[PDB]
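Have a look at the structure below before the remarks.
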Amino acid sequence: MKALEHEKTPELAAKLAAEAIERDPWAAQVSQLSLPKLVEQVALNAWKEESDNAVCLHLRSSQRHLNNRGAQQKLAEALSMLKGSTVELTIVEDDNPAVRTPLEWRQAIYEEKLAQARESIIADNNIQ
């Protein structure tokens, strides 16, 4: 009609997300919270650090423009509904790759199939 072409394989991407959730407690938590779109993109562009009484979403500063307090407050109420108590939910902007976000995890699960086929040679070992 108009074009669509943007679904492509939403099944493959959601199946891939199932594995991400089956590995990542944060991806699982977000899917249980069932976030909308903007706030979902905030939760997606961040990896969830968790402290004694807080949850600090390390958002890739590469998408710092998604992070707004309007999202954080809605995210906070949702995280608090999950935790069943007040979560000190903050969004911090840390672009360092040392942890994978649930978005990057979905992507990384897919590439693990490809990477395992090269990492098998790492497992053939040399020094470890």
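Ordering of the structure tokens sets the chain letters (A, B, ...), residue numbers begin anew at 1 in every chain, and ligands are numbered from 1 in the order given.
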
### Query
segment 59-74 of chain A: which residues within 10 Å, counting only C-alpha atoms, same-chain residues fewer than 2 positions away excluded, as a ChimeraX atom specification?
/A:35,37-48,56-57,76-80,89-97,100-101

### Message
When DSSP is applied to the backbone of this structure, which of segment 15-120 of chain A are assigned helix (DSSP H, G or I)? Write them out as a ChimeraX atom specification.
### Response
/A:15-23,25-33,38-44,61-63,69-83,102-120

Could you take the residues named above and write them with C-alpha atoms, as a compact mmCIF listing (two decimals), in the first residue's frame?
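Written out: selection31.txt:
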# COMPACT_ATOMS: atom_id res chain seq x y z
CA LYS A 15 13.41 -15.48 19.42
CA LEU A 16 16.93 -14.04 19.68
CA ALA A 17 15.63 -11.81 22.49
CA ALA A 18 14.25 -14.93 24.24
CA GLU A 19 17.82 -16.29 24.49
CA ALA A 20 19.03 -12.84 25.65
CA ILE A 21 16.35 -12.91 28.40
CA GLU A 22 17.18 -16.57 29.17
CA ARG A 23 20.75 -15.30 29.97
CA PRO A 25 18.30 -10.91 34.35
CA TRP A 26 17.87 -7.26 33.23
CA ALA A 27 16.44 -8.11 29.77
CA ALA A 28 14.08 -10.50 31.59
CA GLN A 29 13.16 -7.83 34.17
CA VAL A 30 12.39 -5.26 31.40
CA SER A 31 10.20 -7.75 29.54
CA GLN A 32 8.34 -8.48 32.82
CA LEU A 33 7.91 -4.69 33.41
CA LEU A 38 11.02 5.66 24.57
CA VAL A 39 11.52 4.30 28.11
CA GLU A 40 12.17 0.83 26.60
CA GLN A 41 14.93 2.39 24.43
CA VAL A 42 16.48 3.87 27.62
CA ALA A 43 16.40 0.47 29.40
CA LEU A 44 17.73 -1.10 26.15
CA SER A 61 26.60 7.79 26.41
CA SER A 62 26.41 7.22 22.61
CA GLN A 63 22.60 7.41 23.14
CA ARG A 69 14.06 12.22 33.63
CA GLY A 70 10.56 11.73 32.15
CA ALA A 71 11.74 8.20 31.24
CA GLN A 72 13.76 7.67 34.49
CA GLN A 73 10.75 8.41 36.76
CA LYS A 74 8.45 6.00 34.86
CA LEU A 75 11.29 3.43 34.82
CA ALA A 76 11.73 4.04 38.61
CA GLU A 77 8.08 3.44 39.48
CA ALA A 78 8.19 0.26 37.34
CA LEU A 79 11.48 -0.99 38.90
CA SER A 80 9.98 -0.19 42.32
CA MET A 81 6.83 -2.21 41.42
CA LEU A 82 9.18 -5.09 40.41
CA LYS A 83 11.41 -4.86 43.53
CA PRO A 102 20.01 -6.03 26.84
CA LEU A 103 19.96 -4.54 23.28
CA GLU A 104 23.63 -5.33 22.74
CA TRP A 105 23.03 -8.75 24.43
CA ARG A 106 20.30 -9.61 21.86
CA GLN A 107 22.83 -8.71 19.17
CA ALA A 108 25.70 -10.54 20.99
CA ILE A 109 23.68 -13.80 21.36
CA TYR A 110 23.32 -13.79 17.56
CA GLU A 111 27.00 -13.16 16.97
CA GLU A 112 27.90 -15.80 19.66
CA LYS A 113 26.81 -18.43 17.08
CA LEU A 114 29.37 -16.94 14.65
CA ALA A 115 32.01 -16.14 17.29
CA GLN A 116 31.84 -19.67 18.82
CA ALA A 117 33.00 -20.95 15.40
CA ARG A 118 36.23 -18.89 15.85
CA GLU A 119 36.41 -19.15 19.69
CA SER A 120 36.57 -22.95 19.21

#### Entry: Point-to-point distance in Å for atom CA of residue 58 of chain A and atom CA of residue 86 of chain A
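These atoms are spaced 19.0 Å apart.
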
### Message
Quick check, in Å to one decimal: how far apart do atom CA of residue 98 of chain A and atom CA of residue 36 of chain A lie?
### Response
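Here the two named atoms are 27.0 Å from each other.
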
### All strand (DSSP E or B) positions in chain A, as a ChimeraX atom specification
/A:46-50,54-59,88-93
